[PDB]
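Here is the structure we will look at, set down as structure tokens.
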There are 6 protein chains.
Amino acid sequence: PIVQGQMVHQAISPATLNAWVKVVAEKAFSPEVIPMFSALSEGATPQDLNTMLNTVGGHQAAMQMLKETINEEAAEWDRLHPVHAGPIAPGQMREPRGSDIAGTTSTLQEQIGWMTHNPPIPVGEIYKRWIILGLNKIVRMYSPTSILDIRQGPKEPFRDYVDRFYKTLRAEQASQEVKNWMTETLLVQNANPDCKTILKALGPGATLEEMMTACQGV
Amino acid sequence: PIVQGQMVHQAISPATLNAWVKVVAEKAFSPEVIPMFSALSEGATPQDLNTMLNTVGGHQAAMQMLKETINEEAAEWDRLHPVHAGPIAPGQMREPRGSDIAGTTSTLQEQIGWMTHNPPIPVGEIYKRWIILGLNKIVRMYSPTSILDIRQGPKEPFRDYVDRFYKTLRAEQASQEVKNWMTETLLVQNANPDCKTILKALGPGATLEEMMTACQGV
Amino acid sequence: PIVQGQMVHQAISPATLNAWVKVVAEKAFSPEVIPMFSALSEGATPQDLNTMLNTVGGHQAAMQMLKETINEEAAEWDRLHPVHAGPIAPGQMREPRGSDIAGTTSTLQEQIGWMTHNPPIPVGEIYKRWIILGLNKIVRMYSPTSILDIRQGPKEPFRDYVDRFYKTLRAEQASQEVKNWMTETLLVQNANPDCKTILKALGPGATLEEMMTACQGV
Amino acid sequence: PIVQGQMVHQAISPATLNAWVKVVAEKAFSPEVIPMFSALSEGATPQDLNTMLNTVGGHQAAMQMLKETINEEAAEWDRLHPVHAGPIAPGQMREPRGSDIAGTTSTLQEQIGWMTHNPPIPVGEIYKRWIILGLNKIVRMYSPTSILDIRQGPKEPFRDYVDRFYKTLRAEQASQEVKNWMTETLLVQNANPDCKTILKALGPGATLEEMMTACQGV
Amino acid sequence: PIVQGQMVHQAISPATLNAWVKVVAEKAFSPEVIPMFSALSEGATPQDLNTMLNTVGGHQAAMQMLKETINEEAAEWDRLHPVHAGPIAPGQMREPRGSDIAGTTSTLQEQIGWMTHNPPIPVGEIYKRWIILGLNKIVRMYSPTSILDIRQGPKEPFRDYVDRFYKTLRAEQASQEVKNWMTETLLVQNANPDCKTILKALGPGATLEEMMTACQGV
Amino acid sequence: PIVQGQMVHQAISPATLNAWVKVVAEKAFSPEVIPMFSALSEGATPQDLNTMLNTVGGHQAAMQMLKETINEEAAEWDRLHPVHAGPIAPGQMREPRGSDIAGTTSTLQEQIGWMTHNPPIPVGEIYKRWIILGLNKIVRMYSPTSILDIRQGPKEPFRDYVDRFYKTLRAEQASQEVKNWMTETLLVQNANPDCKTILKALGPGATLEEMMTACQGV
Ligand SMILES: [Cl-]
Ligand SMILES: [Cl-]
Ligand SMILES: [Cl-]
Ligand SMILES: [Cl-]
Ligand SMILES: [Cl-]
Ligand SMILES: [Cl-]
Ligand SMILES: [Cl-]
Ligand SMILES: [Cl-]
Ligand SMILES: [Cl-]
Ligand SMILES: [Cl-]
Ligand SMILES: [Cl-]
Ligand SMILES: [Cl-]
Ligand SMILES: [Cl-]
Ligand SMILES: [Cl-]
Ligand SMILES: [Cl-]
Ligand SMILES: [Cl-]
Ligand SMILES: [Cl-]
Ligand SMILES: [Cl-]
Ligand SMILES: [Cl-]
Ligand SMILES: [Cl-]
Ligand SMILES: [Cl-]
Ligand SMILES: [Cl-]
Ligand SMILES: [Cl-]
Ligand SMILES: [Cl-]
Ligand SMILES: [Cl-]
Ligand SMILES: [Cl-]
Ligand SMILES: [Cl-]
Ligand SMILES: [Cl-]
Ligand SMILES: [Cl-]
Ligand SMILES: [Cl-]
Ligand SMILES: [Cl-]
Ligand SMILES: [Cl-]
Ligand SMILES: [Cl-]
Ligand SMILES: [Cl-]
Ligand SMILES: [Cl-]
Ligand SMILES: [Cl-]
Ligand SMILES: [Cl-]
Ligand SMILES: [Cl-]
Ligand SMILES: [Cl-]
Ligand SMILES: [Cl-]
Ligand SMILES: [Cl-]
Ligand SMILES: [Cl-]
């Protein structure tokens with residue numbers, strides 16, 4: 001990663017590596033893996049990001065899908081940033097291609113140069129953007145449950161049902177307004193009859209705290 | 001977090017991440033989780049705080065309630081800080097909205113800029129304030145016991161009873177004067193008959209050390 | 001904690017937090033917990049000290065007694081340092097109250113300002129003084145044994161007896177001269193008959209090394 | 001490793017050493033070992049690289065093959081960089097031989113001098129290049145499976161088959177275009193009859209996400 | 001500990017504390033504990049040394065003997081450094097007493113001042129000297145074996161016998177010349193008959209490598 | 001260890017100590033222990049080296065042989081560097097003796113002074129040289145196998161045989177040309193009949209990769 005105020009390079013730490021390998025080995029592609037990844041790659045160069053992706057053993061289907069997604073994003077970047085012919089001037093550096101952002105056709109020195117330029121070309125945050133896009137696709141694809149099948153059991157405490165519901169919902173990754181609708185309709189629509197009666201008596205604009213309060217002892 | 005005297009940014013450490021994930025996995029929403037959180041987020045940007053909140057897998061009902069609370073606090077902040085139209089002057093930066101404090105509509109650079117300004121706009125401590133507010137609500141809601149039901153057993157050592165009583169009391173989170181009353185009335189009112197007689201003989205203005213001393217061998 | 005020679009602030013480390021939580025969970029209130037605490041809070045602000053105290057889950061009776069002790073010390077400090085009315089001058093800062101030293105009515109910036117002033121107002125070491133006072137009271141109260149009941153067994157090696165004796169003695173926390181008397185009288189007075197005869201033959205001014213040497217093979 | 005902007009030397013850390021020893025002891029020569037190695041040797045001198053290679057106990061056949069490969073690369077470097085006779089001028093340093101890059105005939109000071117020169121002679125990245133070349137040969141040789149023998153089972157979920165296929169493929173280390181052909185032909189050619197029919201119905205230019213989607217419930 | 005070239009103070013680290021507590025809990029008073037202690041207290045102030053000594057729970061007999069030894073050394077220091085009456089001059093600091101070196105009557109600031117003075121008064125290394133003296137006494141006293149009782153078994157490999165012999169010898173802590181004599185006489189004098197014959201045939205001035213070589217297959 | 005470009009002293013770290021103690025406790029005197037030692041003592045003073053050697057509990061026969069070797073090297077150094085009488089000039093420091101390099105008759109300040117002088121007297125790397133010499137002698141002496149007794153089993157895969165062969169060879173520590181001969185003759189001479197026939201058919205100048213390839217399926 002790159003960390004008076006001058007930005008300087010730093011090798012990826014063994015604690016970062018062990019934490020990334022560990023969370024991938026433990027939690028596969030549960031949603032919380034994506035912020036953890038984002039947490040462990042703060043300020044990372046494309047080289048660091050490729051380092052974390054390549055240290056993943058197994059799950060090579062998902063890693064291959066991630067490669068496909070990264071290639072699509074690189075191709076779109078190339079389409080929106082046509083390269084200019086000519087000798088790079090002294091005091092300047094070439095503008096990056098899609099593969100330069102992905103770290104496969106650029107050196108570490110070129111990445112450092114882009115990231116510390118005035119103004120900065122943040123190839124690290126762009127690449128991380130693409131990676132997180134692909135990770136979202138994988139987390140969505142590998143989710144075992146659908147939000148339409150989360151129904152509260154006849155004896156299931158309301159808290160556990162809400163836990164399952166919002167876990168699945170987080171895996172869905174639909175737009176914010178769509179999730180507003182799902183919370184607005186399915187959560188009460190799929191509760192068990194007693195709690196469902198109580199929640200109907202609560203009212204349309206009910207917060208989650210009020211709903212969980214109403215069905216506590218129930 | 002942000003840490004000559006000039007304040008500088010720093011990526012959240014793997015030891016911080018592992019400690020937060022670990023304490024959430026172990027202790028759920030026991031009261032001591034809240035200072036631990038506050039301990040691990042010292043000087044955190046809103047990005048760091050969102051990082052710790054998002055790495056929590058499971059307990060998605062509580063995380064959703066936390067989202068609701070944060071939204072209420074953001075709306076109140078917007079109501080008390082009406083935004084001003086106009087171009088941001090060179091040498092200044094825009095004043096944050098509620099969602100800018102919550103880190104969802106502001107960059108890391110804008111957060112750093114607010115936090116290191118003269119005078120400082122401490123969006124990190126404000127956001128942490130809101131988060132801790134929501135965490136207090138969750139700890140209160142998930143507490144299994146009520147302070148009115150803590151009664152000393154006929155053979156229960158006074159120390160264990162006081163432990164249960166003040167644990168539950170800490171979970172209650174009532175105002176200071178209300179807790180003064182609960183200590184003033186319930187603790188002796190709910191002791192077992194022998195210890196209760198001794199404590200009555202102690203006197204109204206008895207400290208906890210005196211009370212535990214009086215019922216030691218008893 | 002606060003650490004060219006200029007003193008600068010630092011967030012409490014996850015290794016410090018985990019070590020404190022761990023030693024409290026393991027050893028409860030054995031005497032060695034108090035230096036360990038003092039070890040982990042070197043240069044701590046009142047905020048850091050409150051952080052370590054608040055992360056303790058359970059033992060809420062002892063934590064409540066600690067709160068009482070801290071309140072007494074704060075009240076005495078207020079009685080010996082009467083506050084002065086008037087506007088704080090530019091280039092100065094208000095003198096702290098008892099609750100400001102305890103960190104409950106002062107900001108982190110005010111604590112830093114007092115601790116780095118010329119001359120320094122060491123609110124951190126004062127607060128730690130009060131805390132260690134209360135911890136000593138708790139360690140004394142929770143000790144299971146009394147120094148008058150430590151008697152060497154008929155077959156008990158002298159080393160084990162001395163270990164028990166000085167462990168209990170350390171828990172007693174009596175004044176230095178009182179402990180001089182206890183070592184002077186009880187240790188030989190409570191030895192088993194054979195070792196007791198040998199130690200009587202040693203002489204009044206016998207060191208511990210000589211005494212343990214004399215009853216080795218015995 | 002070597003890490004204002006001035007590059008400075010640093011001893012290899014115990015966390016790096018323990019991580020390298022650990023991953024070699026655990027994963028032998030699975031492909032992911034090579035990026036991990038590259039991760040733990042960022043900015044390493046030839047001395048650091050030899051340190052990591054020499055700490056490997058066992059697998060001495062592979063370590064010997066690695067020695068052979070490094071010797072070949074050193075001999076080629078010597079053939080392409082003929083040495084020049086004459087006294088090294090004040091303000092200059094000798095140009096390295098193959099064995100100087102491999103760290104066996106050069107001091108740590110000479111390596112530091114080459115790596116921090118203007119312009120730099122990056123003996124560390126050259127040596128790491130050779131080492132990774134040999135590691136690739138070993139990973140290829142020790143792979144238990146061939147890509148032509150990966151066939152989907154009659155009841156095997158398509159995800160598991162793709163996992164095995166791309167794992168083996170990663171071990172193959174063939175050129176990019178050859179792997180394009182293998183993905184293009186073998187993956188569907190070796191699927192089970194039902195999934196194979198579906199994938200044939202998908203079309204020639206099918207991405208992995210589409211293929212795995214089509215054979216999900218199947 | 002105290003660590004441009006200016007010496008600066010530093011709080012004792014949790015890794016140091018945990019390592020010291022761990023080695024004391026594991027190895028009691030085996031000889032290797034003393035260098036480990038010396039290793040973990042490099043550059044320590046008397047406050048740090050007292051911190052490590054006080055964190056030891058149990059073994060209070062040995063800790064009490066250590067207190068006695070430290071008191072003797074402090075009294076001797078006071079006898080050889082008579083204090084001078086008079087006001088301490090501006091730009092100077094008082095000369096330390098024995099108890100000031102032991103850290104019980106001196107502040108951390110006074111210790112820092114002595115240790116960083118020109119010329120330095122190294123109270124930390126003096127105190128560590130006294131402590132290591134007492135630790136040597138304890139290791140000597142608690143050793144279970146005597147060097148005169150180490151005899152090679154009739155079937156015991158010579159290597160194991162030499163291991164026991166030099167372990168016990170290290171616990172003896174006799175002067176260098178005395179240990180020269182013990183190696184010179186006892187080692188062969190106490191070997192088993194066959195090895196003893198071989199070693200007699202070796203010659204008087206035999207090194208340990210030659211002796212262990214001669215009785216290898218034997 | 002000693003680490004703008006100015007070299008500065010540093011206390012040996014608890015992670016270094018724990019790693020050294022751990023690897024000695026685990027692997028005894030396998031060859032890989034020697035580079036690990038060299039890894040953990042990078043830039044070490046003689047004090048640090050003596051610290052690591054002294055923390056080894058047990059194996060006191062080997063530690064005693066190491067002492068003998070270090071004494072021989074010190075005596076040779078004294079024979080080749082005769083000391084000069086006279087007062088050390090202001091701005092200079094005395095030239096070290098053999099025992100000064102071994103750290104037993106020199107202070108830490110004198111070692112630091114030699115190591116940071118212009119030009120440098122590298123007592124740390126000299127002492128480490130002697131230590132590694134003695135460690136090589138011990139690893140050679142304690143090796144359980146001889147290279148002439150490594151014979152491939154009738155059903156033993158060629159890879160395992162080569163592993164045993166080069167492990168033993170590494171323990172032999174013969175000169176480079178001698179090991180060239182051992183690889184040249186014994187490896188094929190001691191293979192099992194079938195593999196031996198294949199390797200004979202390969203040719204005299206066969207690399208290890210070719211040999212292991214030829215006897216793979218065999
Ligand atoms: Cl994995
Ligand atoms: Cl999965
Ligand atoms: Cl890779
Ligand atoms: Cl851009
Ligand atoms: Cl952009
Ligand atoms: Cl579910
Ligand atoms: Cl419920
Ligand atoms: Cl969780
Ligand atoms: Cl819970
Ligand atoms: Cl998230
Ligand atoms: Cl404000
Ligand atoms: Cl505010
Ligand atoms: Cl309870
Ligand atoms: Cl009790
Ligand atoms: Cl606890
Ligand atoms: Cl307790
Ligand atoms: Cl709290
Ligand atoms: Cl004061
Ligand atoms: Cl004061
Ligand atoms: Cl007892
Ligand atoms: Cl005894
Ligand atoms: Cl291994
Ligand atoms: Cl293998
Ligand atoms: Cl080696
Ligand atoms: Cl070059
Ligand atoms: Cl090159
Ligand atoms: Cl397979
Ligand atoms: Cl599937
Ligand atoms: Cl202990
Ligand atoms: Cl013991
Ligand atoms: Cl103490
Ligand atoms: Cl002195
Ligand atoms: Cl002195
Ligand atoms: Cl023995
Ligand atoms: Cl033997
Ligand atoms: Cl050992
Ligand atoms: Cl061994
Ligand atoms: Cl020693
Ligand atoms: Cl020299
Ligand atoms: Cl030399
Ligand atoms: Cl073997
Ligand atoms: Cl094979």
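Chain labels A, B, ... are given in the sequence in which chains occur in the structure tokens; within each chain residues are numbered consecutively from 1, and ligands are likewise numbered from 1 in the order shown.
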
Task: Exercise answer, 10 Å around ligand 31 with only C-alpha atoms and all ligand atoms, as a list in words - done: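 These are the residues that qualify: residues 31, 32, 33, 34, 35, 36, 38, 136, 170, 171 and 173 of chain C; 50, 51, 52, 53, 54, 55, 56 and 57 of chain E.
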
Using the selection just defined, write its residues with N, CA and C atoms as a PDB file, in the first residue's frame.
```
ATOM      1  N   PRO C  31      -3.177 -10.222  43.365  1.00  0.00           N
ATOM      2  CA  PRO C  31      -2.344  -9.007  43.464  1.00  0.00           C
ATOM      3  C   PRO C  31      -1.610  -8.632  42.183  1.00  0.00           C
ATOM      4  N   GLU C  32      -1.042  -9.609  41.470  1.00  0.00           N
ATOM      5  CA  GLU C  32      -0.248  -9.305  40.285  1.00  0.00           C
ATOM      6  C   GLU C  32      -1.050  -8.604  39.196  1.00  0.00           C
ATOM      7  N   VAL C  33      -2.381  -8.577  39.300  1.00  0.00           N
ATOM      8  CA  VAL C  33      -3.198  -7.869  38.315  1.00  0.00           C
ATOM      9  C   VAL C  33      -2.933  -6.373  38.373  1.00  0.00           C
ATOM     10  N   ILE C  34      -2.605  -5.850  39.554  1.00  0.00           N
ATOM     11  CA  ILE C  34      -2.469  -4.402  39.721  1.00  0.00           C
ATOM     12  C   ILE C  34      -1.217  -3.874  39.022  1.00  0.00           C
ATOM     13  N   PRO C  35      -0.031  -4.475  39.182  1.00  0.00           N
ATOM     14  CA  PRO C  35       1.106  -3.988  38.381  1.00  0.00           C
ATOM     15  C   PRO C  35       0.900  -4.188  36.887  1.00  0.00           C
ATOM     16  N   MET C  36       0.322  -5.325  36.489  1.00  0.00           N
ATOM     17  CA  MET C  36      -0.016  -5.540  35.084  1.00  0.00           C
ATOM     18  C   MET C  36      -0.864  -4.394  34.549  1.00  0.00           C
ATOM     19  N   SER C  38      -1.030  -1.370  35.791  1.00  0.00           N
ATOM     20  CA  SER C  38      -0.116  -0.235  35.751  1.00  0.00           C
ATOM     21  C   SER C  38       0.833  -0.354  34.575  1.00  0.00           C
ATOM     22  N   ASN C 136      -6.467  -1.925  45.041  1.00  0.00           N
ATOM     23  CA  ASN C 136      -5.896  -2.473  46.268  1.00  0.00           C
ATOM     24  C   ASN C 136      -6.990  -2.839  47.259  1.00  0.00           C
ATOM     25  N   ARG C 170       1.312 -10.732  50.601  1.00  0.00           N
ATOM     26  CA  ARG C 170       1.172  -9.742  49.543  1.00  0.00           C
ATOM     27  C   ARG C 170      -0.275  -9.306  49.397  1.00  0.00           C
ATOM     28  N   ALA C 171      -1.216 -10.244  49.551  1.00  0.00           N
ATOM     29  CA  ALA C 171      -2.629  -9.882  49.538  1.00  0.00           C
ATOM     30  C   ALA C 171      -3.037  -9.015  50.729  1.00  0.00           C
ATOM     31  N   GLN C 173      -1.468  -6.412  52.201  1.00  0.00           N
ATOM     32  CA  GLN C 173      -1.208  -5.007  51.878  1.00  0.00           C
ATOM     33  C   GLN C 173      -1.126  -4.120  53.119  1.00  0.00           C
TER      34      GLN C 173
ATOM     35  N   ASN E  50      11.038  -3.093  37.965  1.00  0.00           N
ATOM     36  CA  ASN E  50      10.057  -3.365  39.009  1.00  0.00           C
ATOM     37  C   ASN E  50       8.745  -3.848  38.413  1.00  0.00           C
ATOM     38  N   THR E  51       8.382  -3.348  37.231  1.00  0.00           N
ATOM     39  CA  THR E  51       7.165  -3.810  36.573  1.00  0.00           C
ATOM     40  C   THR E  51       7.253  -5.294  36.252  1.00  0.00           C
ATOM     41  N   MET E  52       8.374  -5.730  35.675  1.00  0.00           N
ATOM     42  CA  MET E  52       8.501  -7.147  35.349  1.00  0.00           C
ATOM     43  C   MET E  52       8.550  -8.008  36.609  1.00  0.00           C
ATOM     44  N   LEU E  53       9.258  -7.554  37.648  1.00  0.00           N
ATOM     45  CA  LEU E  53       9.332  -8.344  38.877  1.00  0.00           C
ATOM     46  C   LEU E  53       7.969  -8.455  39.552  1.00  0.00           C
ATOM     47  N   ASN E  54       7.201  -7.365  39.564  1.00  0.00           N
ATOM     48  CA  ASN E  54       5.928  -7.358  40.275  1.00  0.00           C
ATOM     49  C   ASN E  54       4.851  -8.154  39.547  1.00  0.00           C
ATOM     50  N   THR E  55       4.942  -8.281  38.221  1.00  0.00           N
ATOM     51  CA  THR E  55       3.935  -9.054  37.497  1.00  0.00           C
ATOM     52  C   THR E  55       4.058 -10.552  37.734  1.00  0.00           C
ATOM     53  N   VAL E  56       5.117 -11.007  38.397  1.00  0.00           N
ATOM     54  CA  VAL E  56       5.262 -12.428  38.700  1.00  0.00           C
ATOM     55  C   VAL E  56       4.299 -12.778  39.833  1.00  0.00           C
ATOM     56  N   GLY E  57       3.319 -13.625  39.548  1.00  0.00           N
ATOM     57  CA  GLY E  57       2.446 -14.181  40.573  1.00  0.00           C
ATOM     58  C   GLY E  57       2.986 -15.523  41.015  1.00  0.00           C
TER      59      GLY E  57
END
```

Open item on the list: Show me which residues line ligand 42, defined as having an atom within 10 Å of a ligand atom where only C-alpha atoms and all ligand atoms count, and present them as a list in words.
Closed with: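 Selection of residues at most 10 Å from ligand 42: residues 141 and 142 of chain D; 156, 157, 158, 159, 160, 161, 162, 212, 213, 214, 215, 216, 217 and 218 of chain F.
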
Write a file of the selected residues as a PDB file, in the first residue's frame, keeping N, CA, C and O atoms.
```pdb
ATOM      1  N   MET D 141       5.813 -29.510 -12.322  1.00  0.00           N
ATOM      2  CA  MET D 141       6.243 -30.903 -12.274  1.00  0.00           C
ATOM      3  C   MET D 141       5.491 -31.689 -11.204  1.00  0.00           C
ATOM      4  O   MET D 141       5.143 -32.858 -11.417  1.00  0.00           O
ATOM      5  N   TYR D 142       5.215 -31.070 -10.058  1.00  0.00           N
ATOM      6  CA  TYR D 142       4.603 -31.772  -8.937  1.00  0.00           C
ATOM      7  C   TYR D 142       3.077 -31.814  -8.994  1.00  0.00           C
ATOM      8  O   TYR D 142       2.458 -32.352  -8.071  1.00  0.00           O
TER       9      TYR D 142
ATOM     10  N   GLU F 156      10.295 -47.519  -3.931  1.00  0.00           N
ATOM     11  CA  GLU F 156      10.302 -46.149  -3.438  1.00  0.00           C
ATOM     12  C   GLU F 156      10.270 -45.165  -4.599  1.00  0.00           C
ATOM     13  O   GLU F 156      11.150 -45.211  -5.467  1.00  0.00           O
ATOM     14  N   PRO F 157       9.293 -44.259  -4.636  1.00  0.00           N
ATOM     15  CA  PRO F 157       9.256 -43.253  -5.703  1.00  0.00           C
ATOM     16  C   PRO F 157      10.559 -42.470  -5.744  1.00  0.00           C
ATOM     17  O   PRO F 157      11.159 -42.175  -4.709  1.00  0.00           O
ATOM     18  N   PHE F 158      10.993 -42.142  -6.961  1.00  0.00           N
ATOM     19  CA  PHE F 158      12.290 -41.497  -7.143  1.00  0.00           C
ATOM     20  C   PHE F 158      12.350 -40.157  -6.419  1.00  0.00           C
ATOM     21  O   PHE F 158      13.416 -39.747  -5.941  1.00  0.00           O
ATOM     22  N   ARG F 159      11.211 -39.469  -6.313  1.00  0.00           N
ATOM     23  CA  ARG F 159      11.178 -38.174  -5.640  1.00  0.00           C
ATOM     24  C   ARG F 159      11.559 -38.291  -4.170  1.00  0.00           C
ATOM     25  O   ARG F 159      12.320 -37.464  -3.650  1.00  0.00           O
ATOM     26  N   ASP F 160      11.021 -39.298  -3.479  1.00  0.00           N
ATOM     27  CA  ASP F 160      11.329 -39.475  -2.062  1.00  0.00           C
ATOM     28  C   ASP F 160      12.799 -39.815  -1.858  1.00  0.00           C
ATOM     29  O   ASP F 160      13.444 -39.305  -0.931  1.00  0.00           O
ATOM     30  N   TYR F 161      13.342 -40.668  -2.727  1.00  0.00           N
ATOM     31  CA  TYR F 161      14.757 -41.007  -2.658  1.00  0.00           C
ATOM     32  C   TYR F 161      15.629 -39.773  -2.846  1.00  0.00           C
ATOM     33  O   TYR F 161      16.577 -39.556  -2.083  1.00  0.00           O
ATOM     34  N   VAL F 162      15.312 -38.936  -3.838  1.00  0.00           N
ATOM     35  CA  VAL F 162      16.098 -37.719  -4.043  1.00  0.00           C
ATOM     36  C   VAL F 162      15.968 -36.784  -2.842  1.00  0.00           C
ATOM     37  O   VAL F 162      16.935 -36.115  -2.453  1.00  0.00           O
ATOM     38  N   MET F 212      14.450 -36.723 -12.662  1.00  0.00           N
ATOM     39  CA  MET F 212      13.167 -36.929 -11.998  1.00  0.00           C
ATOM     40  C   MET F 212      12.038 -37.092 -13.005  1.00  0.00           C
ATOM     41  O   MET F 212      11.077 -37.821 -12.741  1.00  0.00           O
ATOM     42  N   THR F 213      12.138 -36.433 -14.163  1.00  0.00           N
ATOM     43  CA  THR F 213      11.158 -36.640 -15.222  1.00  0.00           C
ATOM     44  C   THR F 213      11.205 -38.072 -15.741  1.00  0.00           C
ATOM     45  O   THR F 213      10.160 -38.696 -15.953  1.00  0.00           O
ATOM     46  N   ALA F 214      12.412 -38.613 -15.929  1.00  0.00           N
ATOM     47  CA  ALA F 214      12.552 -39.919 -16.562  1.00  0.00           C
ATOM     48  C   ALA F 214      11.985 -41.033 -15.689  1.00  0.00           C
ATOM     49  O   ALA F 214      11.451 -42.021 -16.208  1.00  0.00           O
ATOM     50  N   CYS F 215      12.086 -40.894 -14.366  1.00  0.00           N
ATOM     51  CA  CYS F 215      11.631 -41.922 -13.438  1.00  0.00           C
ATOM     52  C   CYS F 215      10.324 -41.551 -12.745  1.00  0.00           C
ATOM     53  O   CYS F 215      10.034 -42.072 -11.664  1.00  0.00           O
ATOM     54  N   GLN F 216       9.526 -40.671 -13.349  1.00  0.00           N
ATOM     55  CA  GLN F 216       8.258 -40.263 -12.756  1.00  0.00           C
ATOM     56  C   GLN F 216       7.285 -41.429 -12.667  1.00  0.00           C
ATOM     57  O   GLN F 216       7.048 -41.965 -11.579  1.00  0.00           O
ATOM     58  N   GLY F 217       6.712 -41.822 -13.807  1.00  0.00           N
ATOM     59  CA  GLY F 217       5.771 -42.931 -13.810  1.00  0.00           C
ATOM     60  C   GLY F 217       6.396 -44.227 -13.333  1.00  0.00           C
ATOM     61  O   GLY F 217       5.709 -45.096 -12.790  1.00  0.00           O
ATOM     62  N   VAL F 218       7.704 -44.375 -13.532  1.00  0.00           N
ATOM     63  CA  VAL F 218       8.441 -45.536 -13.044  1.00  0.00           C
ATOM     64  C   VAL F 218       8.441 -45.554 -11.521  1.00  0.00           C
ATOM     65  O   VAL F 218       7.857 -46.446 -10.900  1.00  0.00           O
TER      66      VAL F 218
END
```

Task: Shell of 8 Å around ligand 13 (only C-alpha atoms and all ligand atoms), written as number ranges by chain - done: B: 145, 150, 164-165, 168

For those residues, write C-alpha atoms to a file as a compact mmCIF listing (two decimals), in the first residue's frame.
```txt
# COMPACT_ATOMS: atom_id res chain seq x y z
CA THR B 145 -33.01 -9.80 32.51
CA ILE B 150 -32.80 -9.84 40.54
CA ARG B 164 -25.85 -10.13 38.89
CA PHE B 165 -27.54 -6.94 40.11
CA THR B 168 -28.32 -6.20 34.82
```

Check which residues of chain F sit at most 7 Å from chain D using only C-alpha atoms, and return one row each with the closest pair of atoms and their distance in Å to one decimal, ordered by chain and rising number, as a tab-separated table.
```
residue	atom	partner	partner_atom	distance
F:3	CA	D:10	CA	6.9
F:15	CA	D:14	CA	6.4
F:16	CA	D:14	CA	6.0
F:19	CA	D:14	CA	6.9
F:32	CA	D:55	CA	5.0
F:35	CA	D:55	CA	5.9
F:36	CA	D:55	CA	5.8
F:39	CA	D:51	CA	6.5
F:40	CA	D:14	CA	7.0
F:42	CA	D:11	CA	5.9
F:162	CA	D:61	CA	5.6
F:163	CA	D:61	CA	5.0
F:166	CA	D:60	CA	5.6
F:167	CA	D:60	CA	5.9
F:208	CA	D:65	CA	6.1
F:209	CA	D:65	CA	6.2
```

Task: Atomic separation - CA of residue 203 in chain D relative to CA of residue 188 in chain D, Å - done: 10.8 Å

Return as a JSON list (two decimals) with C-alpha atoms, in the first residue's frame the residues of protein, DNA or RNA that approach ligand 26 to within 8 Å, with only C-alpha atoms and all ligand atoms taken into account.
```json
[["chain", "number", "residue", "atom", "x", "y", "z"],
["D", 121, "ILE", "CA", 20.43, -2.08, -11.02],
["D", 122, "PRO", "CA", 17.55, -4.12, -9.56],
["D", 123, "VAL", "CA", 19.37, -7.32, -8.63],
["D", 126, "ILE", "CA", 16.05, -10.05, -11.27]]
```

Open item on the list: I need the residues of range 18-184 of chain A that end up classed as alpha helix (DSSP H) by DSSP on the backbone, written out as a ChimeraX atom specification.
Closed with: /A:18-27,33-40,46-54,60-80,98-101,108-115,123-141,158-172,176-184

- [ ] May I have the residues within 12 Å of ligand 19, computed using only C-alpha atoms and all ligand atoms, as a list in words?
- [x]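 Listed by chain and ascending number, the contacts are residues 77, 80, 81, 95, 96, 98, 101, 114, 115, 119, 120, 121, 122, 123, 124, 125, 126, 127, 128, 129 and 130 of chain C.
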